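Two forms of a single protein chain come next, each set out by itself as structure tokens; they are called structure 1 and structure 2.
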Structure 1
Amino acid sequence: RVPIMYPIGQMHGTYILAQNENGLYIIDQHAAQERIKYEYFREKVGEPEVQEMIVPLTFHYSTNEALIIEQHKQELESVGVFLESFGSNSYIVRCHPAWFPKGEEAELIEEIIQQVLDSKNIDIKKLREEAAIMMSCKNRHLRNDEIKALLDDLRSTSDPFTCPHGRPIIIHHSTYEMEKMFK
């Protein structure tokens, strides 16, 4: 249960300022948005609403890369990458999950594959997390209502205080701690 806090405003399009009877709260609005979008994609990944690609993809890899792909085919499908054999050392992608970020399916798909190739050996629990994060990443000044809605959405996440990378999202300065620094 996260404490309800009311917007005071923002700054630099990066930091949100809010308050309640407990004192001041400062929030990294981009870190908060990433934690929120993460828990969305992290769930989508854990479960399949597939659609057809308007522009299907063809991938050409070295013999070694193609092999790593085969070793992770099931893990790749888990995160929505459906590679179809297209000869030796080549694959086609004709479909993908409907919940993929529109207009960015191609770049993401290639980026997810690249993470597997880069790793050479990667576990499904790790891939799911890494993939969900790549989906979360895909300086806007917010009104106070936008901030209220953002903070509400954040309060409902399973981990409101930490971002998917371990960075703190919400800093708090109580009534006391503030009086302290002014005395």
Structure 2
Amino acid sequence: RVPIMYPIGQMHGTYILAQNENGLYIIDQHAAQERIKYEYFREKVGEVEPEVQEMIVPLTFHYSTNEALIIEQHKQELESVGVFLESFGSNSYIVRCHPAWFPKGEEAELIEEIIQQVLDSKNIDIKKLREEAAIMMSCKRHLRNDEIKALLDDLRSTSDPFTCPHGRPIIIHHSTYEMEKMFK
């Protein structure tokens, strides 16, 4: 957590500069937006029955006898993250629909990316898959002052305003104390 951050400005269209009583905050815009998107998708994937949307271009996949074994093992886990596989023929599946909240235009690559995660873990439970899926979903010109403000406000009210879902810094903070030291 962190108190209200007041915008100073932005630079190179990459970083936001802000301040409050605790000192100075340098904020990576992109990282901040991953974190904010994550808090959203992590909730969405936790829903038992999400609004569903029928695709326009349905997808097909095909797997080795072994990959299909793993996929049948993880039916419930895959469906719980929004991947609705229907097997037609041998080791082949169609995807006919998905949650309405999947990131538009990247459903195809998301579904295949999630399915690939399961094939790699070989044995994975729902909680871990939900985390992984939401991380994947989260990473699917200069900002206006109103845009900087919404961003600082949204970031502040997430679970971890300091670190992106991939574990990288969102915020470099120079405290009042640290700046006093820096300069004396």
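Numbering runs along the sequence of structure 1, starting at 1. Between two forms, the rigid core is defined as the largest C-alpha subset superposing within 1.5 Å.
In a rigid-core overlay of the protein, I169 has its C-alpha displaced by at least 2 Å between structure 1 and structure 2. After superposition on the rigid core, the Cα atom of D145 is displaced by 2 Å or more between structure 1 and structure 2.
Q19 shows a C-alpha shift below 2 Å between structure 1 and structure 2 [criterion: core-superposed Cα displacement of 2 Å]. A C-alpha shift of 2.0 Å is found for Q29 between structure 1 and structure 2, based on superposition of the rigid core.
Superposed on the core, the two forms differ at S88, whose C-alpha moves 1.8 Å between structure 1 and structure 2. After superposition on the rigid core, the Cα atom of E111 is displaced by 0.5 Å between structure 1 and structure 2.
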